[PDB]
Amino acid sequence: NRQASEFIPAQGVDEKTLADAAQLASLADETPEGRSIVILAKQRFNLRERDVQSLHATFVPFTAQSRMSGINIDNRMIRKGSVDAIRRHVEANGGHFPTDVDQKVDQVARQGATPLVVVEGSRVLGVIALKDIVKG
Ligand SMILES: Nc1ncnc2c1ncn2[C@@H]1O[C@H](COP(=O)(O)OP(=O)(O)NP(=O)(O)O)[C@@H](O)[C@H]1O
């Protein structure tokens, strides 16, 4: 299986902020890995999932075809998915993928992890490296 092990902020982003957005944007995904990330911040920050309907917010379902899930709330929007997936989401909003964030995604892969990318609105806040539960 795949689980988030570490997250890194994008260009000018704080690591704590990145872990938090990955957690709430995963509350809406029904994939088992989306729970793996909600754990990742849990052990690192010891925080709890955020109730979207208590904020009158919305969950954004996770689809594998785009490889993306997220969450919407009355003051923010969050999206997370594959690096190619997030780049397309930013361009549709009209945002851009910062070089530093693309570099963090690649170093996540060069390290044998699956780099997901997380954005807020149309800009990437950080990249997430997942360790593989199973490895040959
Ligand atoms: N909680 C999540 N939210 C957004 N994206 C995720 C999440 N978990 C994983 N992803 C990314 O979405 C990709 C999965 O997309 P996809 O290839 O369509 O599913 P899949 O791996 O074939 N499904 P499975 O058969 O269970 O492995 C993963 O490789 C991650 O990079």
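Residues numbered from 1 in each chain as written, not as in the entry; some residues may be left out. Heavy atoms only, no water.

Listed as the method for this PDB entry is solution NMR.

Right, let's get into the sheet that holds strand β5 (residues 114-120). In sheet architecture, strand pairing relies on hydrogen bonds along the backbone and comes in two forms, parallel and antiparallel. Reading across the sheet, the six strands line up as β1-β6-β5-β4-β3-β2 and stay open at both edges, with antiparallel pairing between neighbours. Edge positions in the open sheet fall to β1 (2-9) and β2 (58-63), since each of these has one partner strand only. This sheet shows a mean twist of 20 degrees between the axes of neighbouring strands, independent of strand direction. Where helix α1 (residues 15-27) meets the sheet, it contacts β1, β2, β3 (68-73), β4 (76-82), β5 and β6 (123-132), and its direction lies at approximately 140 degrees from that of β1. (Pairing = 2+ DSSP bridges. Helix = DSSP H or I, 4+ residues; strand = E, 2+ residues; numbered from the N terminus. Axes fitted to C-alpha atoms, helices over the stretch in contact; angles between N-to-C directions. Contact = heavy atoms within 4.5 Å.)

The next thing to look at is the pairing of β6. Most of β6 sits out of view: seven of its ten residues are buried. Two elements, β1 and β6, share seven bridges in a ladder whose sense is antiparallel. Pairing of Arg2 across the sheet is with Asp132, part of β6. Here β5 runs beside β6; their pairing, made up of seven bridges, is antiparallel. (Buried < 20%, exposed > 50% of the residue type's maximum accessible area, 1.4 Å probe, protein only.)

With that settled, the discussion passes to the site of the ligand. Around the ligand sit 16 residues, and of these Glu33, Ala64, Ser69, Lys80 and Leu116 come closest. With respect to the ligand, the side chain of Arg2 contributes an N or O atom lying 3.5 Å from an oxygen atom. Calculation on the ligand without its partners gives an accessible area of 640 Å², and the protein chains cover 65% of this total. Where the shell around the ligand is concerned, the elements lending two or more residues are α2 (32-45), β3, β4 and β5. Among the elements that line the shell around the ligand, the one with the most residues is β4, at three residues. Across the shell around the ligand, the residue classes tally to four nonpolar, seven polar and five charged. (Near = heavy atom within 4 Å. Polar contact = N/O pair within 3.5 Å; in protein donor to acceptor, adjacent residues only side chain to side chain. Areas by Shrake-Rupley, 256 points an atom, 1.4 Å probe, with all protein chains shown as cover. Nonpolar A, V, L, I, M, F, W, Y, C, P; charged D, E, K, R; others polar.)

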